[PDB]
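Right, one structure below, let's go through it.
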Amino acid sequence: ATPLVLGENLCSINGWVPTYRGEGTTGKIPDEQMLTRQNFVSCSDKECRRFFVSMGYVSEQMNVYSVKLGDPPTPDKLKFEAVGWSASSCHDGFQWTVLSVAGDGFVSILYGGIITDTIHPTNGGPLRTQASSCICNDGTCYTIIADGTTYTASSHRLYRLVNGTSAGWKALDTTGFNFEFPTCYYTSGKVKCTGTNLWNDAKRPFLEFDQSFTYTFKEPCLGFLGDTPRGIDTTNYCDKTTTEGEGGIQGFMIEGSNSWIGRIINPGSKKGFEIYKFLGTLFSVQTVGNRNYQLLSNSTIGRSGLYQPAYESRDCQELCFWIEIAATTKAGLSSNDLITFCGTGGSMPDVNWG
Amino acid sequence: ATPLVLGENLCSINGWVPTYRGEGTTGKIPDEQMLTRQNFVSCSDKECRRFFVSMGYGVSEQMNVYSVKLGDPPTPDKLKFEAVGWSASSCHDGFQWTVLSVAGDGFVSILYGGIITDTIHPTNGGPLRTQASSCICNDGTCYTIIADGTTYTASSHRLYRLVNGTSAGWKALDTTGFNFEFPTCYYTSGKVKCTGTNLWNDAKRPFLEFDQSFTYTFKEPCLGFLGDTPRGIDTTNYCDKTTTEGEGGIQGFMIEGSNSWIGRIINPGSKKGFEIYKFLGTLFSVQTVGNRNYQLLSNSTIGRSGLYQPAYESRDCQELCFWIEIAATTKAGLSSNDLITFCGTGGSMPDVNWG
Amino acid sequence: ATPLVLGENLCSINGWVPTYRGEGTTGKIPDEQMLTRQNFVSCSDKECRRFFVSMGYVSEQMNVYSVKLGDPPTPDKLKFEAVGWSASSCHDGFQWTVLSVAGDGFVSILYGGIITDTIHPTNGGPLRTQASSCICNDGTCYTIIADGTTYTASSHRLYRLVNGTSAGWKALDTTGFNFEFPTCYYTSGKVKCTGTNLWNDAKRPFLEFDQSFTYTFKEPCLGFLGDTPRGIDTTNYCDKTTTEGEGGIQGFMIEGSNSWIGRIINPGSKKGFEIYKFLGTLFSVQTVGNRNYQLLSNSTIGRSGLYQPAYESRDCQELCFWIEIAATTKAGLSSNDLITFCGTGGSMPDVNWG
Amino acid sequence: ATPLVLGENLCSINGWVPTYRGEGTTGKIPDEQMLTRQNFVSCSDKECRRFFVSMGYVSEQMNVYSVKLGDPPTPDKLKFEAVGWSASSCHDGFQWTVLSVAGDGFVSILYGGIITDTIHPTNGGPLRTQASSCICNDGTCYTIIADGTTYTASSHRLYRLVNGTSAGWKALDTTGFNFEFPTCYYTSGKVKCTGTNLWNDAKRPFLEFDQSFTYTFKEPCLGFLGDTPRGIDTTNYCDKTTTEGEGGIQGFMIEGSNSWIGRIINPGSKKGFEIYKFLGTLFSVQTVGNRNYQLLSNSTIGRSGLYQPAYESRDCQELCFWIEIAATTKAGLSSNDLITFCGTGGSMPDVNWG
Ligand SMILES: *[C@@H]1O[C@H](CO[C@@H]2O[C@@H](C)[C@@H](O)[C@@H](O)[C@@H]2O)[C@@H](O[C@@H]2O[C@H](CO)[C@@H](O[C@@H]3O[C@H](CO)[C@@H](O)[C@H](O[C@H]4O[C@H](CO)[C@@H](O)[C@H](O)[C@@H]4O)[C@@H]3O)[C@H](O)[C@H]2NC(C)=O)[C@H](O)[C@H]1NC(C)=O
Ligand SMILES: *[C@@H]1O[C@H](CO)[C@@H](O[C@@H]2O[C@H](CO)[C@@H](O[C@@H]3O[C@H](CO)[C@@H](O)[C@H](O)[C@@H]3O)[C@H](O)[C@H]2NC(C)=O)[C@H](O)[C@H]1NC(C)=O
Ligand SMILES: *[C@@H]1O[C@H](CO)[C@@H](O[C@@H]2O[C@H](CO)[C@@H](O[C@@H]3O[C@H](CO)[C@@H](O)[C@H](O)[C@@H]3O)[C@H](O)[C@H]2NC(C)=O)[C@H](O)[C@H]1NC(C)=O
Ligand SMILES: *[C@@H]1O[C@H](CO)[C@@H](O[C@@H]2O[C@H](CO)[C@@H](O)[C@H](O)[C@H]2NC(C)=O)[C@H](O)[C@H]1NC(C)=O
Ligand SMILES: *[C@@H]1O[C@H](CO)[C@@H](O[C@@H]2O[C@H](CO)[C@@H](O)[C@H](O)[C@H]2NC(C)=O)[C@H](O)[C@H]1NC(C)=O
Ligand SMILES: *[C@@H]1O[C@H](CO)[C@@H](O[C@@H]2O[C@H](CO)[C@@H](O)[C@H](O)[C@H]2NC(C)=O)[C@H](O)[C@H]1NC(C)=O
Ligand SMILES: [Ca+2]
Ligand SMILES: [Ca+2]
Ligand SMILES: [Ca+2]
Ligand SMILES: [Ca+2]
């Protein structure tokens, strides 16, 4: 048993390939499955797991469960993770760390299935996890937690975790903006994170940091707006797009030699998902845009987020993402499911997946 | 490939958070689950397991001992068959699971791995009774307590030491004047410490501590915060039995430490809610105080409760947890049990309901 | 991996404990379970397994299956083992060796699930396995196969196997008698086996041999008749009681410090099962008869055999036995299931298990 | 821990014995079980596995799964592999490589369950995997992919895979024929494949190649026609039998000291499977043909393919095959399942295995 360590260099990405299309490909989800909520994917040294929150088939009776990515959320296949309605998890090579918001809005850290730490609100609660995979590398896990009673006065903290106990935190300067649900990936000695501004920005705030918690917030300079809601696409500039900048939904950008922005196509009817390659940094006006894949056209789209398969010693680090989709049960209840794409260096055709 | 060894020093505890919460705590248990009873938790050096005795399905497969990995539902797919019996205790020494199971007319079979390695028989009439809880293993040897006698008014109890599934000798315990059923135990500071249940003449709970040389002393809590159910009104502090409503009782625990705890059922009438009270100092002085009463559960109907220590740690202190058995109902309407578990936090918690 | 290797010394046995009781020990088999016949138990170095033959819920349709001892034979819990109507198995530390009679009556030998040898009838056919766990020790496996068109003129061969392959064999002088379904065990450098005489004996014959094939048949000098059917019990004499010596059923004896013989108590209706202790060998006439255990009463019983749980490091080799019981399904179909008992050094109360 | 490396020399084969026989061969299929299609068998260093494509209990709702050979395709024994309707797989000693076709018809390579590469058509698609085990030896894996919109103008490529990454491919000259669904085996420094010609040949095209991609297409010189459909068997000649050469179904030949050709007995009602021994090469007009085994009699037959077990210290390389058969579930939906045969050194009696 050895610490999970990710790749220093990303695989080159030129397109995306489905690795899972959830139980609603038939149009409807089987009623024996749990009503699933706040879905995200995280990977260990041996598998990828689907984590979500559920009650049955904010409440005192929501739990965090996981199944193996690809297994359907039936009673047989469920693993109880924690009590809570907001969760983040990640694996370090030894054990799952699961961060969960429960009770009056504090977070409990479970390692294996043992409480290793709790964290309590300080700016008025409730605490909010990043609702996405956290990042473990070489024995340490990193995560981001939000406090504050309004998005207009939110506070954000960067946590480092060792075997599930807090090894410290750092206040992030988020003056002038809001930074919810950061979804992250590791590369070249940095964790890089895309968050959601529910207050004043139709673009997404960006964050990178290293293990010394030296950090930088960045604003994407591209008029292709990532948030939903949002207005008309703008010319390229380096500061915030404030128009329709209130509200928002979890989503991601990828910054690399090729950069990407994934977004909901129609902000009004939350229908369709597109992801768009750019030749260069998200943070220059001069960068151009090379290819836009319409991955979904007909499904209604909720949250989306990044994940890194890690069971590897390979020459190149793979990158994936999940999308939470509005679904309907056979009986006719509203629910979600979850689809996943993974990167490829191969240039892909135009295929609509749903 | 090494003997399980527990921390000599317990972590500080000032609060409790759930680690597992069965579906029946917040609604109906799914019908595909095995109906469980006599639940308890025991941990190895790799995982925590939920041991239990089955009652079948929605009228089917009963009478046996099973385990699942704690966190997993008792669906057919997740069941490890363990032994034949209606009553079991288990423990793990680093090598294999030891399982004490009562069967037949009340003899105890001992299984190490799945291998029968010993058998224990009643002197004083039977039927024999396990502690219905985890046994304690440390550094190769495992300890457990077994009850004999036909009435709670004439109960005998024995301390058993076990190596690799075989009996490495035993001591008769002096329980003259009280009853000591279903002890739940923990290890710290060189002693095994157990909390028993007196179904005869005490509404407080009897206490035991002992080392590997079978040097024991039984203690009696000097606290008027009455641990058993049933029970009467809370009393003044005094250092002997509360005989009033001391007949009957349910398995439950006390924690003795720098900080002490008593967990009990809140309404002894309708068996509703569970509380755990922190005490500053020992359970065995009349001066020790009373600091914070946590009302962990309110909604649900409580039964047995027990202690367990996880030991797949690489932690600098020994963690302590407890399990609470809950009366619940299946989707079909059959009544059944499951489980909530709690482990200690070093920091104080808010007043919150967990079930 | 490493080779499976047993204890040279048997644990003392003064009593018997049930390790597993089927659904049809306790009344009626559910209809979703397979219809097992030819049940027996063989152990590996990690688990004991229940092997049987089934056909649905001599035929081409017959297959060999197995489950983990304890698991019910629901389709979900089944492992296909071979095609056949007769089977012996055993584990060498590396792989399950499985002998199966199939086709016209040749035995196929599977190692893993790959065929490593075939054995064909010379003396008439069809061939017949020992219907019971064969024995493996130190990388090498031993079994006994029978040929002959009738039990009068039956031939018996002793096979040595390594990794699934015939490593030579030996003919056994069974002039005089018949040696069907030997059920065996190992100690003291010898493999001791108990056969069923369907010809001229209502006692059970007895084999022992070493790894270098030196063997001797012995006759129990004992008037406690083990085979079924049988006559009234007799005084002790060292010759075959030929009285209702025709007919027969699979069963065992144990030779040791204490020695045992189990049998169906009533050969009329085949109800109840008893097992009886003796203070010394079965092959002296002078040997007493101590405690008799009435393990089963109201149940109509059938085949029984031996197995040695082989996953130790130990001061003693455990020894067990299975009993095959007639049973009924919820729709009223006739079928079987299985109960097991293991030894324990101490004496046991008089308990009736069904 | 180490690369899987196969045996340079085949076992002597003079007969076949079943090692798995599905429940639907000998009756109806339990409806708990998944509805398998495109079944085939691939082996690792530890086990043989049954791969297939299913929907539930060019279709976009399909996925690739697998179970261990011998277990049933019940939910508990299931394993998700990939999205897609067409799959090939092989193990290298480290990880499963799985080739899957999805979307409009590109292929994805998964290694572990991690996406490691894609492959794209340039001749119009969809792409088609060999629908059978691909071949790994000494760390590198080989597989063959088909492209093109008619079989009249089909196109084929031979890929070299290393840890799930493409290390190159070579065009195969299939001028004047079609080469679908090759099913292959390894010996004597060569990979040998039997294909299916849907265009202009009732015999089966054959292909051998070495690790440096030197290859030779051969036509079998035997008038015992391998494909279905086909016409009247003819005389031995060394080129295509064009009549009834349109259409076809996946199947195999074996080239050895003893050669074999397995085929469906009745081309019209696809019932019965036979396999014919030839004393020598499939590629001389002179070679003769000795023993014909009628293996299956009752069953309706479809696809058939080769696989080689590698969990072994045999002294000689074993060869097996699987046959997909039409079947019905208890509730009477059409499905398939599987019978597998492995080679034995001895000659065998004429038994009906299904
Ligand atoms: C302990 O029990 C309390 C209270 O018990 C409640 O009353 C008892 C007398 C008994 O009848 C119980 O069955 C009953 O639950 C539980 O606290 C309740 O928790 C539920 C669910 O979280 C809350 O129900 C919600 O009420 C909202 C407005 O008051 C309403 O907006 C919600 O609707 C939403 O969800 C429903 C599905 O349930 C959906 O249909 C709607 O469309 C919408 O999404 C919902 O109905 C109660 O408010 C709570 N009651 C009180 C007084 O606190 C508690 O959960 C339980 N604890 C545990 C851990 O089991
Ligand atoms: C977080 O958890 C990990 C996993 O338990 C801890 O890593 C472990 O650290 C200990 C201390 O070095 C190691 O134990 C020692 O291992 C060496 C060599 O194997 C041996 O010589 C010693 O006798 C001792 O057993 C252990 O190997 C290592 N875990 C592994 C397998 O990598 C880590 O210490 C924890 N971190 C903190 C701060 O609690
Ligand atoms: C039956 O199968 C078993 C398992 O495959 C065979 O046992 C194997 O024997 C070979 C040679 O005797 C062993 O190889 C050697 O291993 C030792 C270390 O133990 C190493 O020092 C040598 O360099 C060499 O590699 C092999 O380990 C062993 N397998 C195991 C797991 O024990 C056996 O030979 C087979 N029977 C026959 C006679 O074919
Ligand atoms: C209980 O079982 C364990 C494991 O089988 C035994 O530990 C082994 O003891 C032997 C004999 O001294 C050593 O050779 C091994 O190295 C030990 N194994 C390990 C992993 O420690 C132990 O001896 C047994 N205890 C008794 C008293 O029987
Ligand atoms: C393909 O995968 C194997 C397995 O990971 C690689 O073999 C490893 O090679 C490195 C470098 O020498 C060693 O550190 C590992 O110990 C090897 N693994 C094992 C278990 O043998 C192999 O190098 C890979 N090939 C390429 C080029 O990717
Ligand atoms: C192939 O078909 C025949 C005909 O149905 C099967 O033969 C029957 O088998 C059963 C049980 O073995 C017998 O009771 C019948 O008497 C047989 N009928 C005939 C006409 O032979 C045969 O079993 C089938 N083979 C397989 C393996 O499915
Ligand atoms: Ca916004
Ligand atoms: Ca009491
Ligand atoms: Ca006889
Ligand atoms: Ca053709």
Residues of the range B:91-106 that turn out to be in contact with a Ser or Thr (Cβ under 7 Å, 6 or more places away or on another chain), more than 10 Å from every other protein chain (Cβ to nearest Cβ) and either crowded, with 24+ Cβ neighbours inside 10 Å or of a type outside the set (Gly, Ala, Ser) (or both), as a count: 7
Can you confirm whether the range B:44-57 contains a residue that is within 11 Å of chain C (Cβ to nearest Cβ), on the phi > 0 side of the Ramachandran plot and not small (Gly, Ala, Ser)? no
Against the definition (in contact with a strand residue (DSSP E or B) (Cβ under 6 Å, 6 or more places away or on another chain), of a type in the set (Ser, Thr, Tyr) and surrounded by fewer than 22 Cβ atoms within 10 Å (Cβ to Cβ)), how does A:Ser44 come out, yes or no? yes
Regarding the range A:277-287, can at least one residue be identified that is under 17 Å from the mean Cα position of the chain (by Cα), more than 14 Å from every other protein chain (Cβ to nearest Cβ) and either under 23 Å from A:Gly354 (Cα atoms) or within 16 Å of ligand 9 (Cβ to nearest atom) (or both)? no
Being away from ligand 2 (no atom under 16 Å from the Cβ) and not in a strand (DSSP E or B) is true for just one of C:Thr243, C:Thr194, C:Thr216, C:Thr143. Which residue is that? C:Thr243
Residues of the range B:340-349 being in contact with a strand residue (DSSP E or B) (Cβ under 7 Å, 6 or more places away or on another chain) and surrounded by fewer than 17 Cβ atoms within 10 Å (Cβ to Cβ), in sequence order, are B:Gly347, B:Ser348
Condition met for C:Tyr293 (more than 14 Å from C:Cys11 (Cα to Cα), within 21 Å of the chain's Cα centre (by Cα), within 14 Å of chain B (Cβ to nearest Cβ) and of a type in the set (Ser, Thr, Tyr)): yes
Residue among A:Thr26, A:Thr2, A:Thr19 that alone is under 18 Å from the mean Cα position of the chain (by Cα) and more than 16 Å from ligand 9 (Cβ to nearest atom): A:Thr19
When B:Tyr294 is evaluated against the numbered criteria (1) of a type in the set (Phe, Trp, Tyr); (2) under 27 Å from B:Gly248 (Cα atoms); (3) part of a loop (DSSP other than H, G, I, E, B), which criterion, by number, is the only one it fails? (3)
On the basis of being away from ligand 7 (no atom under 16 Å from the Cβ), closer than 17 Å to C:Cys221 by Cα and within 13 Å of the chain's Cα centre (by Cα), does C:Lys203 make the cut? no
Scan the range C:62-82 for residues that are surrounded by 21 or more Cβ atoms within 10 Å (Cβ to Cβ) and under 15 Å from D:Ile29 (Cβ atoms) and jot them down. C:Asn63, C:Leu78, C:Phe80
From the residues in the range B:312-336 that are in a loop (DSSP other than H, G, I, E, B) and more than 12 Å from chain A (Cβ to nearest Cβ), which one is nearest to ligand 1 (Cβ to nearest atom)? B:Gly333
Would you point out which residue out of B:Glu82, B:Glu32, B:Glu61 is within 11 Å of another protein chain (Cβ to nearest Cβ) and part of a strand (DSSP E or B)? B:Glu82
Going by the structure shown, is B:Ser260 part of a strand (DSSP E or B), within 14 Å of chain A (Cβ to nearest Cβ) and more than 16 Å from ligand 3 (Cβ to nearest atom)? no
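Residues checked against (1) among the charged types (D, E, K, R); (2) away from ligand 1 (no atom under 16 Å from the Cβ); (3) in contact with a helix residue (DSSP H, G or I) (Cβ under 9 Å, 6 or more places away or on another chain); (4) under 19 Å from B:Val17 (Cα atoms):
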| position | (1), (2), (3), (4) |
| --- | --- |
| A:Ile119 | no, yes, no, yes |
| A:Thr122 | no, yes, no, no |
| A:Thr143 | no, yes, no, no |
| A:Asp147 | yes, yes, no, no |
| A:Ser155 | no, yes, no, no |
| A:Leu158 | no, yes, no, no |
For C:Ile339, state whether it is in a strand (DSSP E or B), more than 16 Å from ligand 9 (Cβ to nearest atom), within 14 Å of chain B (Cβ to nearest Cβ) and aliphatic (A, V, I, L, M). yes
Filter the range C:107-140 for residues that are of a type in the set (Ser, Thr, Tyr) and not in a strand (DSSP E or B); the one that is nearest to the other protein chains (Cβ to nearest Cβ) is C:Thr122
Which numbered condition trips up B:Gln309, out of (1) within 14 Å of ligand 8 (Cβ to nearest atom); (2) within 14 Å of another protein chain (Cβ to nearest Cβ)? (1)
Looking at the range C:8-29 only, could you name the residues that are surrounded by fewer than 20 Cβ atoms within 10 Å (Cβ to Cβ), away from chain B (no Cβ under 11 Å) and under 17 Å from C:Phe321 (Cα atoms)? C:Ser12
Inside the range A:238-286, the number of residues satisfying the requirement of being touching a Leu at 6+ places or on another chain (Cβ under 9 Å), within 14 Å of ligand 7 (Cβ to nearest atom) and among the charged types (D, E, K, R) is 3
Suppose we keep only residues that are closer than 20 Å to D:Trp85 by Cα and among the aliphatic types (A, V, I, L, M) within the range D:136-174. Which one would you say is surrounded by the most Cβ atoms within 10 Å (Cβ to Cβ)? D:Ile144
Just one listed residue, out of C:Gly231, C:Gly262, C:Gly223, is away from ligand 1 (no atom under 16 Å from the Cβ) and over 30 Å from C:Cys11 (Cα atoms), and it is C:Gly231
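Positions of Cβ are backbone-derived with ideal geometry, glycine not excepted, and every protein chain shown enters the neighbour counts. None of the figures in this text is laboratory data; all of them are computed from the coordinates on show.
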